[PDB]
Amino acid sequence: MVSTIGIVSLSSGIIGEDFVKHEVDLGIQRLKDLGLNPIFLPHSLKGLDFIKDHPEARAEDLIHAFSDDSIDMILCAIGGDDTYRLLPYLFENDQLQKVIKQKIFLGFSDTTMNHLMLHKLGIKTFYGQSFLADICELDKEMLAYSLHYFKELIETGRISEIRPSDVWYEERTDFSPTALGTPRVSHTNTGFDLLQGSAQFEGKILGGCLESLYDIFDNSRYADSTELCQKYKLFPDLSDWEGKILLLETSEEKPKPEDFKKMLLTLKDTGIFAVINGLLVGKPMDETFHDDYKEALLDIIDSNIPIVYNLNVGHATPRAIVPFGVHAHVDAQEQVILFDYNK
């Protein structure tokens, strides 16, 4: 299915920096070991400062990744917080539209913005893993659960189903060469947690990182985020959201409960909760504010919407891959999400 895999830095430029080189070289070797030919797009390794300063270079890399028929899959390096800045370089003169096609695209976090970009252009994408975060796992092997989904994707171009992991892991405090070959701290995973509504619900999934979506509507982080996202109509129409399942997950920022609440209400203000078929929420990173987020969801989300919490999707580890734009059936009782590529 996949032979050449192209690595893009569309958010932070970290993967080019000396201090992560040991991690990068490890992931490169793993991709090779999986039967892939990993290539870095021309600007992807230019480092933090260059990539921050040149969103146009990022856009160039993405356009090239889609345009180049030899590239079978696009893997995001890592998230960040400013990929919105690519919008004019992708959309002003239909630059991305001109080259766009159905090709595997995988990332999470700030990449949420890019997922919305690609959705706009009619592309089905894949949420929930990145090169640095998953492929460069510092233990001897990739996390088993994560690897299950990655290998499925590269072998079949699809994810058939998601089931909960048996365990979850803490985020590392040490990513230096010293950490090589050392294991993450493990916890028992208690599975999908049906907070409210029906245990069965269906629809195509779209969403990603709550913090990312919030910057569509709240210009605190970047003063022109809302302007750019409005100009380019990045947030889907409510007729588009109608009958979809929204995914939400929280980042390493670990918003305090009152800020989580403010984010959910800001989303509510879009009208999205009136039209969706259900809500999937990832386990918070490190389970930080796990209980508080649960309470906030129960307090705020419209009463008619089913909510499944504690998915192994997002910033906690290990990490499932979630197809976007593919009909899903969620069964909270049986603890499975099944995908139907024909629907």
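In this text, residue numbers run from 1 along the sequence as written.
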Test of understanding: from the entry's C-alpha B-factors, which stretch has the higher mean, 226 to 234 or 138 to 146? 138 to 146
Mean temperature factor over C-alpha atoms, higher-scoring stretch between 173 to 181 and 97 to 105: 173 to 181
In the PDB entry, which of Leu36, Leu48, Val281, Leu62 has its C-alpha at the highest B-factor? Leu36
Options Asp218, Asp82, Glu211, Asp166 - largest CA temperature factor per the record: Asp166
What third of the chain does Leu26 rank in for C-alpha temperature factor, lowest, middle or highest? highest
Which third of the chain does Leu116 land in by C-alpha B-factor: lowest, middle or highest? lowest
Entry-reported Cα temperature factor of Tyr293, expressed as the chain third it lands in: lowest
Ranked against its chain, the third holding the CA B-factor of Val326: middle
In terms of its chain's C-alpha B-factors, the third that includes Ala320 is the lowest
